[PDB]
Structures are given as C-alpha cells and as structure tokens.
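Novice: Line by line, the protein sequences give chains L, B, S, X and U. Using the numbering used here, the first residue of the first sequence is number 1, and each one after it goes up by one. Using the numbering used here, the first residue of the second sequence is number 164, and each one after it goes up by one. Using the numbering used here, the first residue of the third sequence is number 670, and each one after it goes up by one. Using the numbering used here, the first residue of the fourth sequence is number 772, and each one after it goes up by one. Using the numbering used here, the first residue of the fifth sequence is number 1243, and each one after it goes up by one.
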Amino acid sequence: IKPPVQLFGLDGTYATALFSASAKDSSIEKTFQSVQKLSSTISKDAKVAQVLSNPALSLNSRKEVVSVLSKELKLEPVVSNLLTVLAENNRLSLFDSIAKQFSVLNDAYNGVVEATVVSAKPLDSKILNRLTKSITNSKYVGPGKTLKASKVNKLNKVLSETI
Amino acid sequence: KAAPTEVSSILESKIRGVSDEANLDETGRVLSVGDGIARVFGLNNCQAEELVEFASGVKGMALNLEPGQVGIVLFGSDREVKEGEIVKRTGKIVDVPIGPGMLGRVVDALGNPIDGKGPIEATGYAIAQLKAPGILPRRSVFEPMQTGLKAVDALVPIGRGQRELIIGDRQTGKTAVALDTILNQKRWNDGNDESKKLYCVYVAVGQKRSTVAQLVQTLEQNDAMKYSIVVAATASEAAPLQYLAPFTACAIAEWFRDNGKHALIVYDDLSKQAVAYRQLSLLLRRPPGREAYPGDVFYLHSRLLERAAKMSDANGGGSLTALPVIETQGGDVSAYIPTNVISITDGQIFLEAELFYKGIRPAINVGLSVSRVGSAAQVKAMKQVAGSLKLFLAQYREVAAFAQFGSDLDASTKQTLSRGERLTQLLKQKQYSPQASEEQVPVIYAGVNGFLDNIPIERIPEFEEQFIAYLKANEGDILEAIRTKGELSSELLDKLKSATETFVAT
Amino acid sequence: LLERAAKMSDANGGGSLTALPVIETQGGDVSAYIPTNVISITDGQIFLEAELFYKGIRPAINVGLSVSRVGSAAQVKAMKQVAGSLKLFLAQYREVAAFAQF
Amino acid sequence: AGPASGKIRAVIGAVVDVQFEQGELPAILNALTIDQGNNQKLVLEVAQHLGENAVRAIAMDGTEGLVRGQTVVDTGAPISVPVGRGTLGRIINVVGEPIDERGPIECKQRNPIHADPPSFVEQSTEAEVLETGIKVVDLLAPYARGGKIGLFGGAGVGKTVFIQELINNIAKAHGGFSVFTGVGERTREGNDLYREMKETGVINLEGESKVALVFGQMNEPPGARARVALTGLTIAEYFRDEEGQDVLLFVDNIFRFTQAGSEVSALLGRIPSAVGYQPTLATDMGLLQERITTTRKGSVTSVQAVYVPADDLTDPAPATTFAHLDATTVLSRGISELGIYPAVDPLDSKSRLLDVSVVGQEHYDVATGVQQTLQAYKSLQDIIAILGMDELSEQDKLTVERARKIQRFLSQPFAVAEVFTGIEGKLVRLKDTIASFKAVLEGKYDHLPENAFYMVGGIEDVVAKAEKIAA
Amino acid sequence: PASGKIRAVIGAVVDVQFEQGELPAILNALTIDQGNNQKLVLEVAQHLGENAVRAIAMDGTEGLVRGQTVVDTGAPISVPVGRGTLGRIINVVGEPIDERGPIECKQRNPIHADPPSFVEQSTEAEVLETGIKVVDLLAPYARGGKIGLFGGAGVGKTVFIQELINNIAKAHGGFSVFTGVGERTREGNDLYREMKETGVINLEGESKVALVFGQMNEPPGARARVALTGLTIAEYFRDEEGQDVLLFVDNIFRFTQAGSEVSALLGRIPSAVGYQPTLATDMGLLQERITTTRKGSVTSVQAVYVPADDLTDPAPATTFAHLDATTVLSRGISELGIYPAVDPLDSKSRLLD
Ligand SMILES: Nc1ncnc2c1ncn2[C@@H]1O[C@H](COP(=O)(O)OP(=O)(O)OP(=O)(O)O)[C@@H](O)[C@H]1O
Ligand SMILES: Nc1ncnc2c1ncn2[C@@H]1O[C@H](COP(=O)(O)OP(=O)(O)O)[C@@H](O)[C@H]1O
Ligand SMILES: Nc1ncnc2c1ncn2[C@@H]1O[C@H](COP(=O)(O)OP(=O)(O)O)[C@@H](O)[C@H]1O
Ligand SMILES: [Mg+2]
Ligand SMILES: [Mg+2]
C-alpha cells in the first residue's frame, strides 16, 4: 500500500517503507511515541551520538548497541527492526529525517496542513478543505491576532510603475 | 551521497520481512532498463562475465557486479525488457562452439548458425575470454604464409603465428589484401598435407548486412568457403555482440592450432571493435579516458592479438595468424586506436589512397610497411630474388624526384629509373588473381637481373602473361622443381637464365 | 527561431519576414561550432573578411565566398538585365589580378 | 478499457518523465498520448525506464504548457504511421498525420515506426548499375540499383541540388514509387520540393501519385527530428515487401539523424562521446541503415545525402556511414569555387560497381585512365608553382592540357539549377559518356579549347561549342 | 589470517570488505583462490570507508562471484630475490613462468619500498665503463643513473643489451635484470632463446641476467607493477652483495601508459594529453630507487619511446629529466659499415664534463 504523499523518493522512502507493515492490526499509534524516544535519547545526551556517528565500529557492534538501548526504553514491537536496517546500510547519521517523515503520514491522511497568514492555521480533521477553512478563519481572526503589510506594499508598487 | 538498488519500490520490501523470496542468488528482478543496459537487482551467486536470460527471451552478460544491483548488457533490443521482469542466470560464462563442424557455415557472435544449413556439430565449448600462450610454449616463426601478392611475398612476408596489421584509409586496400590471402590457400587445402593447409576465419565486425552477404557469395564460387569460418556481427545488433566478436572468433580458431593444424583470423575491422567496447562502458557508469575510451583500451586489443601465436613441437606444432584491419581517418597512422594496434603487432601493411589512383594494385607502400619476422618465415627460392630487389626498390624511391627531368639523367641515374619502374609495375596484380610461389620467383628474377630493362613501360602488363604461359609448356621442369624443393641450386640458376634470354628476343 | 521568418502564400495574407542574423567570428574562422550551425540553416550568408575592410573597400563582401540561395528570382528585372554577368565578371577578374604581380 | 494512465513527474526540455502504476508501465519505443488545449495531441516516445514505476519519455513536439501531474495515456504500441497507396501525394508528419490540409489519410493498415531489420539469410546481393544522367556519375562511381547511395558534402557545396536533379530524371521514369523523407531540412526547401513535383507529374492531387512526402525539418524539437527517419522508412518498406515494388527512399539530409539523437542524449543520463556525440552512435546508425536494403521481396534504392561538418570526412557522423553504402558521391568545396557544376570528386568517390565484370572491359579502362591522369596532374602542379612551366617536357605539357579539359567536360548543367546557371539542362546517356571520354584520352580532341567542354553535354555538344566560339 | 568478502567486481577494480581492526593498508597484496590459477593477486589502492577498500587485480577477474573469500597477506607484493632468480622467467607477483620449477629463495622482498635518503646517496657522479669505444668516450654512462636507448627496429637494440651485460659481469662483476614491461608475446619468447645460445642465460651452468615477464595481454595492474618487480631484484644485489647491477625496462613508454590506465579506472580525473594526474609522482618513485648507495649502484638502461615523434609530450619530458645518459641508435649507419649503429653526435650525456 502506497499513500499519495510522494515525500521525495530515495531519502524520504525510509519512513514510508515501514509504514506499510505498521498499518496492520492497528500498529500506527504506538509507532509515534516510540520514534520520539530514539531521537531524544541521542541528541540531548552526549553519549551514544559520538560513538555512532563515526565511521568505525562494525556490523555486529552497531546491532548490539541498538538492541541494548531498546530493552530498557520503549521498544518491543516493530520498533527494533527500524534501527537494524540503518546500522548495516550506514544510515544512522540521519536519524532525524526518518522520524520526521513518519509523523507527516498521520497528519495528512487524518488532518489538514498548509498555512494561511501570520503563524500556523488550525489543521482540522473533518473532510473537505473548503468547509473547514471558512469556519476556522472567522474564529481565529477575532481571538488573538496581534498583527506584528501585504496590501500596503502592492499599492506603492503600482504608483511607481506609472510615474 | 545517494545510491541505487534499494529505492522506493525495492526499499519497501525488507521492512515487512527479511526473507520473502528464498532465491536472491540464481535469479533477479530488473529495476532499470535502457540503452542496452539492465540493472538487475540481486543475483549474488552470479559470477563475472556470466550469461543471463530475461523473461522475454533476450540474453544478457553480467559484467558490472555491484553490491546491491548487477549491471548486465543485453544482447538484443531494449523493448522486450521492462521494469520488474525476472532475469535468471545460466550458471556458465560467455562461451562459444568450436570444432571442425563449423567449417562451411556462417555463425554469429554466440555460436548460433545464421546461414540456414541446420545445426553445427560442435566438438567442444571454449570460453571467449581465454588466456594467451606463454613464453615457453611458443617457437620461432618458420612457416611461410602464401598470400598470393607479388609485393607482399617479397617485401613484408608474413609467417604462421605472427600478427600483420592491415592499416589504411577508406577504400585503399584494406579488405582486399585479406580476401586474396584466404583464397590463395586452395592449392594446399585441397590436397592431403594437413600441415600446409590454413583455415581462414573472417570476422566481419561493424559492417552492414549487404557487405557480409557479398563476401560470402564470392568465396563460395571459387571453392573457398568449405574451410573458412564466418563470424557475422553486423552493426544492427547490440553493443555486447559486436564487442565480443573478436573474443568469440579467436576461441573457435584456437581449436585447430591446439590439434596440429594452422588457422588465420581476419578481424575486420579493428576500428569497429573499439567503438563497441567503449559504448557498453559509457552506459555502465564508468570513467572515460582518451578519445572517449575506457581505461583498458590498450589491454582489450593486446589480449586478443597475443593468443594467435605459433606453438612449439611439444604442444602440437600448430599456429594462428591474426590479420586485424585498422581503419584510419585521413592517413594519420599516429592516432589513438592506430598507434595501439601497430605497437602490439609484429608488422603493419600501410595502404595510401594516393597510390591506388595512379595504377598500383594494390596500393602497398614499401617504405612504410615492414615485417618483424624478416626472411626467416619465407621460402628459400623466393628469398634469393627478394634480397636484390629490396636494395633496388629503396634506392629508386629516394631518387624518384628526378623522373620529371629525363634530359639531365646520368648513367647511374638512368639505370635505376628504368629498373625501378619495371619492378613496381610487375608486382601489380588484379583483384582475385593470386599467384603461386613458382610463378612469382620467375617474374622477380627477370626484373632484378636485367632481362626486363629492354622492354617498354607500357608492355609490362603483356609480358607478365606471356612469360608465365610460355614457361608452363616449354620449361615445365623448372617451375615444378622450385615449388617442391622450395630452393634454388646451381643447376636451377643456369636453366632459368637461358630460358628468359631466348624469350626476350620476340 | 529562423524557420518562422518565411514568405507566406496568397491564402495566408501575402506577407513575409526577412531574417538578418549576424555571426561574430574570431579571426575569420568559419569552421567553428556556432559558425557552422547557423550557416547550414540559413539560405545564404554574407562573408565579411577583415583583409579587404582595412584597405578601404567598404563593405568587404567576398564575391567568391558569399552566395544567395534564392538566385535571380529575389532581384528586380531592371538590375538583372544590366548586370546579368556581374557574378561571372568577379571570378574572371580575381584570377587576372594575380598575374600582374608575377 | 485498460488504459495505462500516467502522471508527469519531471519535465526538462525534450525529455519528460512519466510515472505510472506498478505492472502497468509501458515498454520502450512506445507512443504516449497527452491531451493538450488544442485539437491535436502531444506524442511522446518512451526511451528508457528510470525505475520506481517511472519511465523517461521523449516528447516529439513542444513541451511548453505541461504541468506536474497531468494525464499521460499509453497507446500500447509504437508510433503508428499510415502505409499503402494512400500516403502517396500527401505530406505526412513524424506521428503519421497529414500536414497538407487535404483531409485525413484513408489507410486500411497502420504499421509501427520501430521494427527489426532483415536477417543475413534474407539478403539478396546484386550488381546492376543505375543510370543517373550525369557524366561524372556514369563514368567514375556508378550508382547501384537497390543499394544505399551517399552524397557526402559540406555546407553550400551542392548536397540539396544533387538530390533534386536526380529525382527529376530517374524517379519520374521508374516503375516503382518514390519516398522523399526529409529530416533536418529547411522550411523553404519543403515548400519548393512539393510544388516542383506537381508540375512534372510526380504528385497529382486529382489523379495518381508515386511519391510519398514526409515532413520534419529543423523547425520542430529534437524528438521529431530523430524519429523522422523511422517514420519515412516505414512507408517505403511496405511497398517493397507487401506489394513488391522498387521503392526509392530520398533522405535529406542523412547527417541530421545522428545529430538529433545527440541533442537529447545529455538529458537522458548518458555520457558524451567524441566531438560531443552520443555513445550509441554506431548502434543507432546501423539499426536504421540495415532495414533500408534489398531483400527477396523487393529492392530499395536509398539515395540519402550526408552533410559533412565544416568539410571534414573524419567526423563520427560521416565516417560511420561510409561502410553502409555502395556508391559514395563525396563533394569538395574547392572544385565548386572554380566553376565545376557540380563539384564531383573524381578520386574521392568510389563505388562497388566500378569493375570490369559489371560495366565491361571497355568501361573499366576508361575509368582507370581518367583517374590516373587526374592524380598525376596534382603532383605536376606543385612543381609549376615554384619552378614554372620550363621544367615540363613534351609529355608533361600535353597531360596538363588534357586534365583541365577532362575536369570541365564532366560538369553538366542540371535541370533544377537553371535559375543560377542560365543555360538549359542537358542529360547524357551512359553510352555517350563512355565514348566521349575515350576519344579525348587518345588524341582526337587535342586541338579543341578548354571552353568548348565546360558546361556541355556529350561529344556532340563539345563540337558545336567550339565552332560557335570562334566566329 | 585476515579474511575478506568480495563486494564489487567491475573489471580490474574489485572491492573487498574486511572487518573492524583487521583492515589492510595501501599497497597490500590480497590472495584469492581460483580454479586453474594458483592465487589471484590484488593490490590495495585506497579505502572507501565503511569497512571497505578498493583493490586492483593483477590478473583476470572473470568468474568471481559476490561473496568470495579474500585472504590478506599482511604485506605488499613480495617477489623472490637473490641468486636463485638468475636464468628464470619471473612475473609481476614473483612466480616462475618458465616451467623450470619454483625459485628456491631464502627471503622475499616487497615491491613497494622507499628509496635512498639524502645522507646515503653518492656525493660525486662516477662514470660507468661499458667496454665499447663509442660509449666510454662520447656519451659516458653514469654510475647509478638512467640511460635512454632510442632506436628503430633492426638497428641493434637487442645486441647492445646482451653485449653490455656480458662486459659488466666480466670486468666489474655485476648482474643484470631484464624487465620487459609492456612487451609482446612473440618478443618474449625470442629474447629467451637468443640469450641461451650466446652464453648469458645458462640452464645447467651459471646465469648472469634475470628475466621478468610482463606482456600486455594481462590487465592494467600487472603491467604497472612490472617495473617494481624487476627493480626489487636488482636493488637486492647492490645493498646485500654490493654490485653495480644494470636494470633494463623495455620499453620505458609502457611504464607511463600502464600507470594512467589503472588510475583512470579508479575515479581519478585525467591530466594533459589523457595522462594521469600523478605523472611526476609515479615516475619519480621508481627512478629514485635506482641510484648509488654506500654499498653499490644500480644503473638503468631503459628504452624511451617518443609519442608520435614528439619530445615535448607528457610521457617524453617526464622521463628525460631523470636520464643522465642517452644511447641514440639512428638508422644512418647500420648498413653503412658501423657495428653497431651508434651516433657520435646525437648520443649525449651529462657526465661528459
Ligand atoms: N588491387 C585492386 N585492384 C582493383 N580494384 C581493387 C583492388 N583492391 C580493391 N579494389 C576495389 O576496391 C573496392 C573495395 O575493396 P575492399 O572491400 O577491400 O575495401 P572496403 O572494405 O570497401 O573499404 P571500406 O571499408 O573503407 O569501404 C572493391 O570493389 C574493389 O573492386
Ligand atoms: N549545377 C549547379 N550550378 C550552379 N550552382 C549550383 C549548382 N548546384 C548547386 N549550386 C549552388 O549551390 C548552392 C547550394 O545551396 P544549399 O542547398 O543551401 O547548400 P547545400 O547544397 O550545402 O545544402 C546553391 O546556392 C546553388 O547556387
Ligand atoms: N656488432 C654487430 N655486427 C654486425 N651486425 C650486428 C651487430 N649488432 C647487431 N647486428 C645486426 O642487427 C640486427 C638486429 O636484429 P633484431 O635484434 O631483430 O632487431 P633490434 O636490434 O632492433 O631488436 C641483427 O640481425 C644483427 O645482424
Ligand atoms: Mg573492409
Ligand atoms: Mg540541403
């Protein structure tokens, strides 16, 4: 099963390959919280980051370090197979790209995205985009909106071109 | 940064399961096809230069074995292969059929018969990429290769086991010298002496479909296609079939030299074989070099030419001749592909386009063509007349500029101009008209001694046919003794001078 | 871009478009990559040599190199009658001019 | 129906990558239709397959206006073209559509442009000569009937005028039908060739025609120029195999087929070869030249014209086509500036029918004697530029005068070049050209001048021009 | 023993994957078991990373599958040195190719070694006596330098090499080492039979010249390493025994062309006239080893071939900077009555001061 989200084709196909096997027997909800624990315990830790980003170690040494850290964290289902594929193919240096592409699949098929103005929009999970953007723009413009431009820049450029 | 093999489609297979198919060794899936190249994913048990087979029936040769994929060069069209097709492995290397049953039929680059005469009784199977002979299993070139031309048997005489290059421009005498040498072996192949026969091996590579059909029809009318192998390799096929035509033809011709017979390979042409090897290497993601060629440009032509050598008496006593034709651009013999073939061969026959339009048939420059074997691989009867003719031809070429001022010639200048013009016109022969060793020894002795200086320059063509016909009916004992013994004693020199002096008075 | 400038027929309006493309050479080398590509697409070329331009013969138009593919059909009938042998007189006068220096 | 719909993912120039489904991807050399905004379509030929349910296709027209994600339906087969008797007299394109504004081509069958060539067992050798009418073609390099003819030459030497003059005296009196397929020509050359055939009886709009017109000059993109040779050869191959007629394919020019493939080879993922060419130059030229041969069903006399790059015969597009042609008519730029019309090289042109067993013993001695006198005049001319005419004897003085008169006698005024020469067109036969050349080499026309043979016909026109010039 | 697995095989270049810590260094010979062959030598070129290093095979790589056993020798391409290699035809890997049994050598020196230092070199240029009247007076050969033998076919190139090796072994007591790199198949068999009939190579007696086989029928790794195998046997006689050895490289132009073939197929960019980028580094690593030390010297008499008669090319100007002498053999004499054809005006040397 391939979802219509494209997401590159070579580098972005890492998270899309494991999404086909995780979409069976309801196993997409536990993969979101398990993917965030692998990046938070390597970035702000200063321990397993320098010992894995180098071009040393071996094939059996990289697989034993991922299995020892997953037995005391939050990985017991299909989360252990994702780290073993990136260790033998030398893909452990870009662990943030595999975790970021996995969260974009759940937000596209079960919610909206894009933007509008100023900050972010609302990203509702209704159905169509025409009936959800009109009901959320009137409730967000009144509440908040500090406005800290587009109409003043277009009027000044039209007067300079005719002079 | 990025790589191939596992990508999108191939990358979404190992995440669900690390098994799926239990093969991944003898079979493979095609991931990218185009320009005669198929990137089959898998096939870990496939060796280098091994034959393959697709699902549509087209064969392939795995030459670029990567870690994730396997670059195979298809031998046919790219329209039959698609993305996701099954590619099986044959388990063997690129081989071809050999033996005595291939004589009389035109085979292709893989050994299949294309003449339409049934199957071929192959007595063995030899690989295309075979090793050449060593320095201990080779002997000196002592046998003489009768080509039929009067200017080839006296100047640059080729022998059995040597490599004579056929350099030249476009339409100047490239394929004409190779066709006359193979048709001149009818006097020895029709007999019973197996050591005197020489099986031809014409390997047409790069030519069109009409050029291969015209050359095979001319050899069958003169009884010369019964013991000559024809390797058909047109330019309408793939790049893998034309590049492997030199290795497949050398493996079939090596069976006769390893048994006790002689062979003669004619790689026509050497320039077309280098363009086929560079086309498959440029599509396999490889770095190029000089003149858009690969790194092994000099090793591709030297490996196929070193296998045609003369064996010793302990190996069987056979030999193999290699006649590669180097198609030059505009007469420049110091090019990229021209310099590599001349340095690896033991002699080269130059052919200029200016001497072919004057009247020299064929255009063979004596000052540019030379043989590395010398007079060691020639007959003793023809070596006595070629020794004095080499010094007279070299002196007349340097003093040829004084021919425009004939009113200021001296005594020694007029003798060298008259003898040099009659010797060059006597060696000019027509197409498909080869001469034997006995007829060429009588014509060269009459011009080197001084029996042809009294005749005119325009009567040199009529004197060659009149002296050859009168010697076969009046003095038949002198012509038969020079061919059987192969030498000339004291009684043969006195009988040849008396017969030529009596016939020069009319 | 040069194929669009062609003479239309009577059913298309009867108009035409003339194209005058100038090719900047380097030392009179007309056998380059951009020089040989534009000369084999246009219907004739006007060779401007730098040898006759410095002597005073302006404009330096070589009669033996520049030619027109249209011929005498693109010229007026008045100029073609009085100068019918102008193309043949340029080739005969060039060979006779070199004999004076011998 | 099961239409293989594809989505456009990349579009960079002539190459356009189309992404389809898994398993429903098209094969190589397959026509892909695309709906635009007009009433026509955007034909695209699949070249290679990049993988991941995507294949790179080459567009045969303008790629402007294509967005990412458009529908790309597959036809299932290759580029079909109309064949038969309905294509005669109409101007067909590279995709098989009419461009003459004369309605649609009512054809019963449509064959593909991509097809395999003949085998080695189906080849039929021949040795018949074909009379063209020129004095320098019937004496030096004679054209073979049913073979490939190549008119090599530079820019402005006479390549387009040589193919037009031969079609007005050989194709108009032949039993079979012609096939003028122009690839990489000009916009003005296509309109002048169609109007000349209608006034001579070759293309009748209200009667019967025997000449197939295939459009495709340099005004299109690189995909239409490379496929113009395969579309024009498909209509001529059906008349010689299914109908069994001596077809005559006229390609102008033959050098544009190899230059069109090298323009899109850099964007397809291939490395460049020598002189900026493609790596598959000998494989793409041999697949199209082998199919235009003579088999057992019929003959096909191909009269293509090769364009030398800046007068260079050592290029990769000129030297690779010399091995697949019987008669080669190479032209020189130096002979065209002296007044020889046309500039036919008497020493560089060679043919396979120039032997004593095909033309006879009398014609073989005349061809060898004319080539020996012309080759000897080049060596004697270098000594006259430093020493002068004082070093020449009696034999060298007579050979210089005979070589100048023989070079001007072979140049005859063509019928299509009457607007540039002024004189009328003359056509000499094969028997009159051999008798006039043998009499001048013996000493029967030594008292005549050199201007009596320039721009004349045979032996009858040379005697009438000498008496009128002396009065 | 360190074992490896073959990961890639694209012609002569073959990549092997080792383990952690047991990875081989550069210029390391790798052993590989085949069928009819003994061992396929594969010199290590560089390391691409991720426990992988690209190597260049010195023989045919046809028949190798992905996952073959590749054992590491631990050092470079060793060859047999000493007095046991005299009279036998050796190869680039130090194996016999004369079918006369194995070379019973006591030690094996590697082909990849450093040259002499600045403190162990000769402080004065000495002349080398050859015995010829036109060599000891005109262009004198330097003790420990390079001499170019330029000449055509049939001028006297093969007779000059045989006479110089016999005169140096009788007047000075030095052996020779003929390393025919880039030679032909017919030229190697004719040179071995002609030396036995003259007295230079004796099968039953005592030999005085080494034979190193190096035809162009092999791959690019065997032709480029043919110069290092012949120079290692000649250098051992001057450092251990102390003798003025004479090395012959026929031809000198084949060594420069073989080095650029293996470099262009690895991924390196070309230089001028299609040459390799390290032209001055590859030619200087083999010419500096044939110098004069404190125990002996090593003369070089290679045959330099000009490319298309051009002395200003990249293969002619790079080899002429290290040549101290020159033995030009023009075609003007020969048949004129001079034995041999030695030009007294074209043959120049830097030691004639
Ligand atoms: N010695 C000769 N005498 C007369 N004619 C010759 C001679 N040698 C060659 N020819 C003519 O030359 C023509 C071509 O010969 P050949 O096949 O040897 O060259 P080619 O293969 O055509 O050259 P290219 O491949 O460059 O076209 C033949 O038709 C033959 O008539
Ligand atoms: N028989 C002839 N007599 C006089 N001029 C000729 C003859 N044949 C060709 N030409 C000239 O050669 C030129 C060819 O022009 P063009 O066709 O554009 O170039 P190419 O011939 O290289 O395609 C024409 O301008 C014409 O004047
Ligand atoms: N000192 C000499 N005296 C007479 N002849 C010699 C002498 N040295 C060499 N030669 C001749 O030179 C020839 C060299 O032949 P060869 O070795 O085949 O060519 P090359 O020397 O170019 O390798 C021999 O045939 C030999 O007769
Ligand atoms: Mg040929
Ligand atoms: Mg034209």
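From the three backbone atoms N, C-alpha and C, an ideal C-beta is built for every residue, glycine too.
List, in order along the chain, the chain B residues whose C-beta lies closer than 7 Å to that of U:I1331?
Specialist: Locating residue 1331 of chain U in the fifth sequence gives position 89, counting from the first residue. Within chain B, the C-beta atoms nearer than 7 Å to that of U:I1331 come from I298, in chain order.
Novice: Give the list of continuous beta strand (DSSP E) stretches no shorter than 3 residues that lie fully inside the segment 1544-1572 of chain U.
Specialist: 1565-1571
Novice: List the residues of chain U that B:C209 touches, going by C-beta distances under 9 Å, in chain order.
Specialist: Taking the first residue of the second sequence as 1, we reach residue 209 of chain B at position 46. Chain U residues near B:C209: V1307, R1308.
Novice: If you draw a straight line from the alpha carbon of X:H820 to that of B:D198, how long is it in whole angstroms?
Specialist: Along the fourth sequence, one-based indexing puts residue 820 of chain X at 49. Along the second sequence, one-based indexing puts residue 198 of chain B at 35. Inter-residue distance for X:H820 and B:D198 is about 10 Å (C-alpha atoms, whole angstroms).
Novice: Are there three or more Cβ pairs, one per stretch, closer than 8 Å when the segment 1129-1143 of chain X is compared with the segment 517-536 of chain B?
Specialist: yes
Novice: Taking 7 Å as the cut-off, is the beta-carbon of U:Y1581 closer than that to any non-hydrogen atom of ligand 3?
Specialist: Position 339 of the fifth sequence, counted from the first residue, corresponds to residue 1581 of chain U. Correct: U:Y1581 has its Cβ closer than 7 Å to ligand 3.
Novice: Excluding the 5 residues preceding and the 5 following U:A1464 in the sequence, name in chain order all residues of the same chain whose CB lies nearer than 6 Å to its CB.
Specialist: Looking up residue 1464 of chain U in the fifth sequence gives position 222. Closer than 6 Å at the Cβ level, and outside the excluded window around U:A1464, lie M1300, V1334.
Novice: Pick helix, strand or coil for X:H885, following the three-state DSSP scheme.
Specialist: Within the fourth sequence, numbered from 1, the residue matching residue 885 of chain X stands at position 114. Correct three-state label for X:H885: coil.
Novice: Is U:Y1383 helix, strand or coil when you go by DSSP?
Specialist: Taking the first residue of the fifth sequence as position 1, residue 1383 of chain U is located at position 141. Looking at U:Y1383 - three-state DSSP - the assignment turns out to be strand.
Novice: In this structure, how does DSSP classify X:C878 when only helix, strand and coil are distinguished?
Specialist: Along the fourth sequence, one-based indexing puts residue 878 of chain X at 107. DSSP places X:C878 in coil when its eight states are reduced to three.
Novice: Could you work out which residue in U:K1450, U:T1427, U:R1428 is closest to U:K1438 when comparing CA atoms only?
Specialist: Translated into positions along the fifth sequence, residue 1438 of chain U becomes position 196. Nearest to U:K1438 by alpha-carbon distance, out of U:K1450, U:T1427, U:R1428, is U:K1450.
Novice: Drop a sphere of 10 angstroms on the beta-carbon of X:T1066, count the other beta-carbons inside from all chains shown, and report buried for 16 or more, exposed for fewer.
Specialist: In the fourth sequence, residue 1066 of chain X corresponds to position 295, counting from 1. It counts as buried.
Novice: I'd like the ranges of any alpha helix (DSSP H) spanning at least 4 consecutive residues and lying wholly in the segment 1353-1441 of chain U.
Specialist: 1399-1413, 1427-1438
Novice: Among B:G613, B:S532, B:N637, B:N275, which one has its Cα closest to the Cα of B:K658?
Specialist: Sequence index remark: in the second sequence, residue 658 of chain B carries index 495 (1-based). Minimum Cα distance to B:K658 is reached at B:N637.
Novice: How would you list, in chain order, the residues of chain S whose beta-carbon sits under 7 Å from the beta-carbon of X:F1191?
Specialist: The count along the fourth sequence starts at 1 and reaches residue 1191 of chain X at position 420. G740, listed in chain order.
Novice: Please state the DSSP three-state secondary structure of B:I620.
Specialist: In the second sequence, residue 620 of chain B corresponds to position 457, counting from 1. Correct three-state label for B:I620: coil.
Novice: Give a single yes or no on whether X:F923 has its beta carbon closer than 7 Å to a heavy atom of ligand 1.
Specialist: Translated into the one-based positions of the fourth sequence, residue 923 of chain X becomes position 152. Not one heavy atom of ligand 1 is found less than 7 Å from the C-beta of X:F923.
Novice: Hey, does X:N990 have any beta-carbon neighbour from chain S nearer than 8 Å?
Specialist: The residue you call residue 990 of chain X lines up with position 219 of the fourth sequence. With 8 Å as the cut-off, X:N990 counts as an interface residue toward chain S.
Novice: Kindly examine ligand 4 and report whether one of its heavy atoms sits closer than 7 Å to the Cβ of X:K1197.
Specialist: In the fourth sequence, counting from the first residue as 1, residue 1197 of chain X sits at position 426. Flag unset: Cβ of X:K1197 not near ligand 4.
Novice: For U:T1421 versus U:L1488, is the C-beta spacing smaller than 8 Å?
Specialist: Residue numbering aside, residue 1421 of chain U sits at position 179 when the fifth sequence is read from its first letter. Residue numbering aside, residue 1488 of chain U sits at position 246 when the fifth sequence is read from its first letter. Contact: no.
Novice: Is residue 1226 of chain U close to chain B, meaning its C-beta is less than 8 Å from at least one C-beta of that chain?
Specialist: No information on residue 1226 of chain U is available, as it lies outside the stretch 1243 to 1595 that chain U covers here.
Novice: So with CB distances below 8 Å, who are the chain B contacts of L:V85?
Specialist: On the first sequence, position 85 is the one that residue 85 of chain L refers to. Near L:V85 (Cβ distances below 8 Å), the residues of chain B are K177, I178.
Novice: Taking 8 Å as the threshold (C-beta atoms), are U:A1557 and U:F1495 in contact?
Specialist: The count along the fifth sequence starts at 1 and reaches residue 1495 of chain U at position 253. The count along the fifth sequence starts at 1 and reaches residue 1557 of chain U at position 315. Cβ distance < 8 Å, so U:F1495 and U:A1557 count as in contact.
Novice: Near B:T310, which residues of its chain fall below 8 Å by C-beta distance, leaving aside the five closest residues on each side in sequence?
Specialist: Within the second sequence, numbered from 1, the residue matching residue 310 of chain B stands at position 147. Here the set comprises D316, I321, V340, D343, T344, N347, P597.
Novice: Can you name the residues of chain X whose CB is closer than 8 Å to the CB of B:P451?
Specialist: Counted from its first residue, the second sequence places residue 451 of chain B at position 288. Below the 8 Å Cβ cutoff, chain X contributes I1042 as neighbours of B:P451, in chain order.
Novice: Going by the DSSP bridge assignment, what does B:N227 pair with across the sheet?
Specialist: For this step, residue 227 of chain B is matched to residue 64 along the second sequence. B:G234.
Novice: Which complete alpha helix (DSSP H) runs does the segment 453-514 of chain B hold, if anything under 4 residues is left out?
Specialist: 460-468, 500-507
Novice: Does any heavy atom of ligand 2 sit closer than 7 Å to the C-beta of S:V707?
Specialist: In the third sequence, counting from the first residue as 1, residue 707 of chain S sits at position 38. Answer for S:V707: no, Cβ out of range of ligand 2.
Novice: So the candidates are B:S532, B:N503, B:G494, B:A426; which of them puts its Cα closest to the Cα of B:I512?
Specialist: As a working note, residue 512 of chain B is residue 349 in the second sequence. Among B:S532, B:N503, B:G494, B:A426, the Cα nearest to that of B:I512 is on B:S532.
Novice: Quick one: which unbroken alpha helix (DSSP H) runs of 4-plus residues sit fully inside the segment 1495-1527 of chain U? Chain order, please.
Specialist: Unbroken alpha helix (DSSP H) runs of no fewer than 4 residues, entirely contained in the segment 1495-1527 of chain U, are found at 1495-1506, following chain order.
Novice: Listed in chain order, which residues of the segment 276-309 of chain B have Cβ atoms closer than 8 Å to some Cβ of chain X?
Specialist: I277, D278, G279
Novice: For B:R252, does the count of other Cβ atoms within 10 angstroms reach 16, so buried, or fall short, so exposed?
Specialist: Within the second sequence, residue 252 of chain B is the residue found at index 89, counting from 1. Its Cβ being crowded by 16 or more others within 10 Å, B:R252 is buried.
Novice: On the CB-based measure, 16 or more other CB atoms within 10 Å of its CB, does B:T669 come out buried or exposed?
Specialist: One-based indexing of the second sequence puts residue 669 of chain B at position 506. When all chains shown are included, B:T669 counts as exposed.
Novice: Can we say the segment 1031-1050 of chain X touches the segment 883-893 of chain X, given the rule of at least three CB pairs closer than 8 Å?
Specialist: no
Novice: Do three or more CB pairs link the segment 131-140 of chain L to the segment 79-90 of chain L at distances below 8 Å?
Specialist: no
Novice: Is there at least one Cβ from chain B nearer than 8 Å to L:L92's Cβ?
Specialist: Here residue 92 of chain L corresponds to residue number 92 of the first sequence, with the count starting at 1. No, L:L92 lies away from the interface with chain B (no Cβ there is under 8 Å from its Cβ).
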